[PDB]
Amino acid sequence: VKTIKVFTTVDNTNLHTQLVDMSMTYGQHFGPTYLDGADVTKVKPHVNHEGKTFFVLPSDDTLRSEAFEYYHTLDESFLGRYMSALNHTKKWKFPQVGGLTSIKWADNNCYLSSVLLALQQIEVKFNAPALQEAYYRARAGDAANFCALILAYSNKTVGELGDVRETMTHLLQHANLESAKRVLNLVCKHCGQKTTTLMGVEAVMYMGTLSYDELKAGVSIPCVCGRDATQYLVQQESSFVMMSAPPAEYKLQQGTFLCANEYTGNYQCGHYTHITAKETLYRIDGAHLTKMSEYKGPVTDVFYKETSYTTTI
């Protein structure tokens, strides 16, 4: 009979040596099973699953009960996906680089580091108590729990490359952005001018341009009627803004921005490095730290600090 040697844990520290019978579901061996942040309760054991550690979560366990108030989520697989990915993120190294907490390269965490580095510089707060606890500990150097939560809130698996803008979007859904306000005036000369209002994550993020000043002057976006119109920023009541765009050559001048992220490589297979401005421009590539006065490379996301804004027009 087909067999395999897999370890299963309920504490992420103590392993249980187990033998499973292939052709039979993982859910039939020990119930709800999770591996590297993936709900693997209905998958049959594959050959490439040997020697790996699986997490088991009883449905009767009280940890599933008090899951909402602590994590602010309704997904039943959240606890298992978070605990299984936590077993792998405990193996990562979190070196302090340039005063900020980073991550050593492992399992394509090129994007997870860039997200963690950006959050340390923006004045942001999370409504979920688990995030605020892990976010604090992530700043002290112990960021294993924070990275596992990010993979759970983003429905990702350890080893899979993720997008920074997409991962920040799922994450900021649990952040305190109630007082965030963005007022945009769209001017279609065949439909007059109308004013839209975004609140929350939509008031902070934008996709299309990297320049905050370009948003203030005017960008092109399709109107509802079906033709190109121009829109510019009118009011901004947030602690920061995140500008996004595809990778392209872009000059980064000191003092004009807060931090940024670069992406070198093809679509869905590349490498993120973080750019931050302090006394000089820093380029944090996980554990490596290089300084330069001016950086010109393919950047995708640029952060700007803000308290309040009103147009001059």
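Numbering starts at 1 and runs along the sequence shown.
A summary of the deposited B-factors shows that, of 246-254 and 31-39, the stretch with the larger mean C-alpha value is 246-254.
Relative to its counterpart among 176-184 and 77-85, 176-184 has the higher mean temperature factor, C-alpha atoms as listed in the PDB entry.
Of the residues listed, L131, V124, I103, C147, the entry assigns the biggest Cα temperature factor to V124. Across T167, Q235, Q231, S113, the greatest Cα temperature factor reported in the deposited entry is at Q231. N108: CA B factor lies in the lowest third for its chain, per the PDB record. Among the modelled residues of the chain, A260 sits in the lowest third by CA temperature factor in this PDB entry. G162 sits in the lowest third of its chain by CA B factor, as recorded in the PDB entry.
For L198, the recorded CA temperature factor ranks within the middle third of the chain's modelled residues.
Remark: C223 belongs to the highest third of its chain, ranked by C-alpha B-factor as recorded.
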